[PDB]
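**Student:** Submitted below is the structure of interest, expressed as structure tokens.
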Amino acid sequence: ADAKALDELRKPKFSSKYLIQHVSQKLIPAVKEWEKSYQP
Amino acid sequence: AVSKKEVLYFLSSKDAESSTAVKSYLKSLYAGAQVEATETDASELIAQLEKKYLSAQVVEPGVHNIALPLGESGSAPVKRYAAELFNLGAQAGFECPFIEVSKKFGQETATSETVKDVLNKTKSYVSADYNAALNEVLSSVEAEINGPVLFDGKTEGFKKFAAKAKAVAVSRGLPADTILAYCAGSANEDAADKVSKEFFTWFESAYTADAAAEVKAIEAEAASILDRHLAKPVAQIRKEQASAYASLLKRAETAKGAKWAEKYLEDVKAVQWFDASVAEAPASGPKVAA
Amino acid sequence: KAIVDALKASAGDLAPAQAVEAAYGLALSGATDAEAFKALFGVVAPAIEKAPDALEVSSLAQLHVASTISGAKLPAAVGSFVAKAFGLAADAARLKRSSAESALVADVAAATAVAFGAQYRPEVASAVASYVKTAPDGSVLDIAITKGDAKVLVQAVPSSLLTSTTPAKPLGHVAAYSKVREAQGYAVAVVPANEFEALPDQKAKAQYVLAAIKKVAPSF
Amino acid sequence: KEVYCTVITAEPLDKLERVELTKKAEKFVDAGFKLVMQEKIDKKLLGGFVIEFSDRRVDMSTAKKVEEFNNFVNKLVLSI
């Protein structure tokens with residue numbers, strides 16, 4: 001309950017870090033298959 | 001979890017939720033787990049895009065851990081703020097800002113053979129008051145030679161412009177005779193040391209003059225946000241901020257299963273823990289277990 | 001020989017992160033005194049077994065250097081874990097590479113393709129993509145060449161690992177990176193950039209690379 | 001039964017770089033037609049080649065690859 005920790009109380013809360021991670025988990029595996037299937 | 005490339009960026013990082021998953025990954029390797037192979041592929045367009053979106057996961061908690069020195073007297077809170085952003089960029093995989101923006105110039109103008117083109121491809125990275133002050137000096141040299149000034153340098157028509165654009169740089173306030181001698185150096189290390197100490201005198205006066213302009217804009221933004229907010233009645237304020245809080249919780253609760261929205265609402269619970277642990281003992285603050 | 005004899009008895013006054021950089025600096029300085037490495041690893045190996053997450057991976061990789069060069073063995077739970085933490089701390093030096101080292105490593109990998117014979121541009125660049133074998137601890141080696149079972153690693157050390165004076169010889173950590181791969185089966189040919197980029201043309205850069213491989217592995 | 005075309009590259013070609021390009025462009029003509037060649041240099045291309053077939057153009061330069069790379073990345077990040 002109370003008296004959580006220190007190493008997880010040092011977390012900055014409403015930073016992005018996971019909307020950034022949501023893009024890179026849906027941009028990087030979606031652009032890996034773009035240049036392996038790429039013809040002009 | 002980490003995908004073996006995020007954990008390599010979070011080794012040198014020092015923010016809390018990245019140091020929590022590294023210490024969880026380091027505890028697994030002690031318990032007989034095999035480290036996976038680092039991927040020997042993903043060509044230079046994909047690799048610099050992974051660097052862009054992995055440095056952004058080290059920068060973004062690190063920016064929120066750096067207190068802005070708003071409304072402080074002196075340069076040392078501004079130099080603390082710039083030094084915290086330097087060590088954040090060094091942990092996120094960036095080099096010095098001098099090395100990282102000069103790499104940006106040589107990347108933007110790899111194919112530009114005329115000096116009018118380097119003033120038109122590096123327009124986003126140089127000041128528009130300094131892009132204009134080098135376009136007027138360009139046309140004063142473009143009128144004399146009656147020809148496009150080429151981006152070669154050993155042409156004598158180049159240093160017709162380069163000795164005139166150096167006069168602009170000292171007019172703007174930056175010693176270009178000191179900056180050029182730092183990136184070229186000298187033979188002896190004793191005379192390279194006194195041009196180093198005159199370069200970093202400019203450099204420390206450059207980022208502190210740039211961090212303070214970033215602070216003086218946050219000071220001016222919060223002052224115009226507050227004076228717009230102090231002109232309302234309180235009942236308008238209480239229902240405008242309860243509407244924006246409710247519009248942003250339903251933005252996070254309609255998206256479920258996403259890692260960002262689950263961790264968003266876990267932080268809404270962690271703010272409510274902070275307000276509950278202060279109400280138990282307000283003279284001591286939040287209860288930290290030790 | 002008095003600094004290392006001071007560590008034989010007073011290796012209980014040191015923190016476990018302080019005892020790593022003592023033994024790492026002894027293994028880099030060529031210490032044979034195993035009574036120090038018996039004492040210095042008596043600080044760290046209980047502390048890693050106490051909490052493995054306490055030391056950072058930059059300090060855990062210095063323990064894999066120290067337990068390899070003087071050879072003083074760690075526990076099997078610790079030494080297997082610390083060797084895995086050298087693969088992690090080597091890729092973080094490779095992912096966050098200075099990009100003038102990347103401009104150098106891709107230049108040394110090209111000049112080691114010219115030395116093994118490639119006079120055209122599609123046959124130079126087809127070779128440098130084959131030199132990127134994975135190290136056995138999980139890492140990535142940028143120039144890893146194999147002829148049968150004899151492996152030669154070419155390591156480039158730009159300026160950050162060179163001494164800042166006028167002789168400009170490489171610092172002690174490049175011998176750490178050599179002798180750990182050398183215990184993994186490689187013949188490390190170290191090429192410094194104060195010497196490599198002083199050459200005027202690409203085939204002269206190839207003969208300095210090939211002189212560095214023949215000096216280390218004479219069959220190549 | 002030839003095909004007149006001109007190839008613009010970034011650097012002057014090697015004799016293995018030419019034979020590697022020639023069988024790569026010979027599937028852009030739908031026969032056993034030997035496209036003869038013509039070499040041109042433009043280092044505004046960041047490596048690669050363009051084949052000016054005088055009716056059609058195939059842009060396999062990397063300067064068009066990195067420019068079509070960024071346009072694909074800038075469209076996913078506006079949707080994701």
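As a convention, Cβ positions derive from the backbone with ideal geometry for all residues, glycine included, and neighbour counts pool all protein chains shown. Just so you know, all these numbers are worked out from the coordinates, no wet-lab data involved.
**Student:** Hey, among the residues in the range C:121-145 that are of a type in the set (D, E, K, R) and part of a loop (DSSP other than H, G, I, E, B), which one's surrounded by the fewest Cβ atoms within 10 Å (Cβ to Cβ)?
**Tutor:** C:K133
**Student:** Just to be sure, is B:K4 under 17 Å from A:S16 (Cα atoms) and more than 8 Å from every other protein chain (Cβ to nearest Cβ)?
**Tutor:** No: the conditions fail for B:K4.
**Student:** Could I ask something else about it? If I go through the range B:235-270 residue by residue, how many of them are within 22 Å of B:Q57 (Cβ to Cβ) and β-branched (V, I, T)?
**Tutor:** Adding up the residues that qualify gives 1.
**Student:** Hey, another quick one. Take the conditions surrounded by 21 or more Cβ atoms within 10 Å (Cβ to Cβ), under 30 Å from B:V2 (Cα atoms) and either away from chain D (no Cβ under 14 Å) or not hydrophobic (A, V, I, L, M, F, W, C) (or both) and apply them to C:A111. Does it pass?
**Tutor:** It is false that C:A111 is surrounded by 21 or more Cβ atoms within 10 Å (Cβ to Cβ), under 30 Å from B:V2 (Cα atoms) and either away from chain D (no Cβ under 14 Å) or not hydrophobic (A, V, I, L, M, F, W, C) (or both).
**Student:** Turning to a different aspect of this structure: I'm checking my understanding of the structure. Among residues of the range B:110-122 that are surrounded by 13 or more Cβ atoms within 10 Å (Cβ to Cβ) and of a type outside the set (S, T, N, Q), which one is farthest from B:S171 (Cα to Cα)?
**Tutor:** Top of the filtered list is B:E113.
**Student:** If you take the residues in the range B:26-41 that are at the interface with another protein chain (Cβ under 7 Å from one of its Cβ atoms) and in a loop (DSSP other than H, G, I, E, B), which one is surrounded by the fewest Cβ atoms within 10 Å (Cβ to Cβ)?
**Tutor:** Filtering first and then ranking leaves B:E36.
**Student:** Output yes when any residue across the range B:21-32 is farther than 28 Å from B:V215 by Cβ and of a type in the set (D, E, K, R), and no when none is.
**Tutor:** yes
**Student:** So, in the range D:27-42, exactly how many residues are assigned to a loop (DSSP other than H, G, I, E, B) and surrounded by 14 or more Cβ atoms within 10 Å (Cβ to Cβ)?
**Tutor:** Qualifying residue count for the region: 3.
**Student:** Can you pull out the residues in the range A:2-40 that are more than 9 Å from chain B (Cβ to nearest Cβ) and of a type in the set (A, V, I, L, M)?
**Tutor:** A:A30
**Student:** Something else now. Is it the case, given these coordinates, that B:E50 is crowded, with 19+ Cβ neighbours inside 10 Å, over 24 Å from C:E49 (Cβ atoms) and within 11 Å of chain A (Cβ to nearest Cβ)?
**Tutor:** Taking the combined requirement at face value, the residue satisfies it.
**Student:** Criterion first (more than 23 Å from C:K84 (Cβ to Cβ) and within 20 Å of the chain's Cα centre (by Cα)) does C:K215 satisfy it?
**Tutor:** Against the criterion (more than 23 Å from C:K84 (Cβ to Cβ) and within 20 Å of the chain's Cα centre (by Cα)), C:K215 qualifies.
**Student:** On the given criteria, is B:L138 touching a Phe, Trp or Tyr at 6+ places or on another chain (Cβ under 8 Å), more than 30 Å from C:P167 (Cβ to Cβ) and of a type in the set (A, V, I, L, M)?
**Tutor:** Considered against the rule, which asks whether it is touching a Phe, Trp or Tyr at 6+ places or on another chain (Cβ under 8 Å), more than 30 Å from C:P167 (Cβ to Cβ) and of a type in the set (A, V, I, L, M), B:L138 comes out as yes.
**Student:** Among C:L171, C:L162, C:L153, which is more than 12 Å from chain B (Cβ to nearest Cβ) and more than 12 Å from the chain's Cα centre (by Cα)?
**Tutor:** Only one candidate passes the filter, namely C:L162.
**Student:** B:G71 fails exactly one of the following numbered conditions: (1) more than 26 Å from D:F72 (Cβ to Cβ); (2) away from chain A (no Cβ under 14 Å); (3) surrounded by 14 or more Cβ atoms within 10 Å (Cβ to Cβ). What is the number of that condition?
**Tutor:** (3)
**Student:** Return the residues of the range B:244-290 that are more than 10 Å from every other protein chain (Cβ to nearest Cβ) and of a type in the set (F, W, Y); say none if nothing qualifies.
**Tutor:** B:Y245
**Student:** Would it be correct to say that C:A118 is within 10 Å of another protein chain (Cβ to nearest Cβ), farther than 24 Å from B:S12 by Cβ and crowded, with 18+ Cβ neighbours inside 10 Å?
**Tutor:** yes
**Student:** Report yes if some residue within the range B:167-182 is in contact (Cβ under 8 Å) with a residue 40 or more places away in the chain, out of contact with any strand residue (DSSP E or B) (no Cβ under 6 Å at 6 or more places or on another chain) and either buried (at least 16 other Cβ atoms within 10 Å of the Cβ) or within 14 Å of chain C (Cβ to nearest Cβ) (or both); otherwise report no.
**Tutor:** No, because not a single residue in the range B:167-182 is in contact (Cβ under 8 Å) with a residue 40 or more places away in the chain, out of contact with any strand residue (DSSP E or B) (no Cβ under 6 Å at 6 or more places or on another chain) and either buried (at least 16 other Cβ atoms within 10 Å of the Cβ) or within 14 Å of chain C (Cβ to nearest Cβ) (or both).
**Student:** Right, something else. Which one of the conditions (1) buried (at least 20 other Cβ atoms within 10 Å of the Cβ); (2) under 28 Å from B:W202 (Cβ atoms); (3) away from chain A (no Cβ under 14 Å) does B:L11 fail to meet, given that it meets all the rest?
**Tutor:** Result: B:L11 passes all but (2).
**Student:** Kindly indicate the residue of the range B:43-54 that is aliphatic (A, V, I, L, M) and within 15 Å of A:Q25 (Cβ to Cβ) and also nearest to the chain's Cα centre (by Cα) among those meeting that condition.
**Tutor:** B:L54
**Student:** To continue, here is another question. Assess whether C:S160 counts as being in contact (Cβ under 8 Å) with a residue 40 or more places away in the chain, closer than 17 Å to C:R97 by Cβ, small (G, A, S) and surrounded by fewer than 19 Cβ atoms within 10 Å (Cβ to Cβ).
**Tutor:** In short, yes.
**Student:** Just a yes or no: is a residue in the range C:9-16 touching a residue at least 12 places away in the same chain (Cβ under 8 Å) and among the charged types (D, E, K, R)?
**Tutor:** No, that holds for no residue.
**Student:** When only residues in the range B:103-137 that are of a type in the set (A, V, I, L, M, F, W, C) and closer than 28 Å to D:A10 by Cα count, which is farthest from the chain's Cα centre (by Cα)?
**Tutor:** Step by step, filter the range B:103-137, then rank; the result is B:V115.
**Student:** I'm checking my understanding of the structure. Among residues of the range C:59-77 that are assigned to a helix (DSSP H, G or I) and more than 12 Å from chain B (Cβ to nearest Cβ), which one is surrounded by the most Cβ atoms within 10 Å (Cβ to Cβ)?
**Tutor:** Only one residue tops the list, namely C:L63.
**Student:** Determine, yes or no, whether C:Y177 is touching a strand residue (DSSP E or B) at 6+ places or on another chain (Cβ under 7 Å), surrounded by 16 or more Cβ atoms within 10 Å (Cβ to Cβ), hydroxyl-bearing (S, T, Y) and in a loop (DSSP other than H, G, I, E, B).
**Tutor:** So C:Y177 fails the test.
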